[PDB]
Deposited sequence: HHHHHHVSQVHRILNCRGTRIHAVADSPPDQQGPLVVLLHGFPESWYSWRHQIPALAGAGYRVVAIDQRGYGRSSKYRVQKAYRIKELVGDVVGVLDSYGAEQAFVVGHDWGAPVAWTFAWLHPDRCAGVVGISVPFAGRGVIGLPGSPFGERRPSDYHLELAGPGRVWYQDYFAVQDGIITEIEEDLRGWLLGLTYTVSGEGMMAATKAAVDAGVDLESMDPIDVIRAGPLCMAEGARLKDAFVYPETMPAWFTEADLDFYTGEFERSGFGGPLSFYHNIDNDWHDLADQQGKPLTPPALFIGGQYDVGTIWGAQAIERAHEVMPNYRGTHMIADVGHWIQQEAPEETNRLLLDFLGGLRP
């Protein structure tokens, strides 16, 4: 089940499974921030049980995969290259690729640049946003420069969490003081029950400024950790044991690699300009969450899905769940994936 791949110089660790005959359409699962192959624990057995060869990797910088320090190692095309390397290790011509959160842009771009290797693509939480990487209330497909739109048009004397993440200084310092607690905080805050709670504190007007006054919109000089909300008890879907696993992965891997993903957003935006316009042709699908910030911020990109993906197979919304979609609604997510993959030809 545990595999160590390294087709072209980069070590990629993974957890695989499939029918005993080890035959069936290859399905690659790409996790987001700050997660791991473990975020797909509820999907792996279902996918393998339906007859698919499922491969859940640790992206570079995460878990047991190669940890690079230089910023250029975390640019979008490199991430996409790793996926290509995964298929070449299994000797697969085509593959179904599913990505959640940061894994999404990587899955989307993989489909964008390598349609000949993609039997279909599914993005979760973060909808296809072209050179933009992640669609926002103002820029669904990276119309304006990422960092620019952040600074101006997001807060007077405040700071966009992504720019903070990119600095890789204060952010890591705040995490290291108490990493287990930080994960718990972040996880709960953007989770369904966490978001519905914050809302329950009522006391509807312009989404563009809803991001502001939001948990991820901090005041220059403060700590993101300062806006976290902690549960009195561990949610039913995210148990103590799960938290110990993630904590274990990150106090060993650190957040340097993961955060570098963010550091390159602008760079990615630039690297993908030569693709702007061209459509994404493999069969595509998007799974969103009612209270997921990703789904929300990407509303406009979603509305214009069919415009850029001529073979879009639909937008699916999972009610009463937040950001950690495949973890917050594993069975519903499984049904959706299984339906998508089942109606397709490997």
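Mapping the modelled residues onto the deposited sequence reveals missing stretches at 1 to 9, 213 to 219.
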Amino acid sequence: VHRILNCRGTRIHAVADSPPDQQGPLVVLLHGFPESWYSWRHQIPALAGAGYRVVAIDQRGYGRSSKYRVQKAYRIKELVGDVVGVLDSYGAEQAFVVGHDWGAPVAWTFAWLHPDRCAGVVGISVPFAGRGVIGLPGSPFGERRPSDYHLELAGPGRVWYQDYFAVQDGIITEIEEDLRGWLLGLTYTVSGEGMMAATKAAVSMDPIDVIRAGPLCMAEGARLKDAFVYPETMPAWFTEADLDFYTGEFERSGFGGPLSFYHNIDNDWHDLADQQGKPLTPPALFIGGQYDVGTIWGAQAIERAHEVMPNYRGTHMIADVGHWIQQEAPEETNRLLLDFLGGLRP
From here on, numbers count along this sequence of modelled residues.
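The deposited model assigns a higher average Cα B-factor to 147 to 155 than to the other stretch when 249 to 257 and 147 to 155 are compared.
Two stretches are in play, 187 to 195 and 216 to 224, and the higher mean C-alpha B-factor belongs to 216 to 224. For the set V229, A166, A95, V84, the PDB entry assigns the largest Cα B-factor to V229. Between the residues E78, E174, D244, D209, it is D209 that shows the highest Cα B-factor in the PDB record. The deposited CA B-factor of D292 belongs to the middle third of values across its chain.
Ranked against the other modelled residues of its chain, the C-alpha B-factor of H100 as given in the entry falls in the lowest third.
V133: CA B factor lies in the middle third for its chain, per the PDB record. The PDB entry assigns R304 a C-alpha temperature factor belonging to the highest third of its chain's modelled residues.
Among the modelled residues of its chain, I265 has a C-alpha B-factor that falls in the middle third, as given in the PDB entry.
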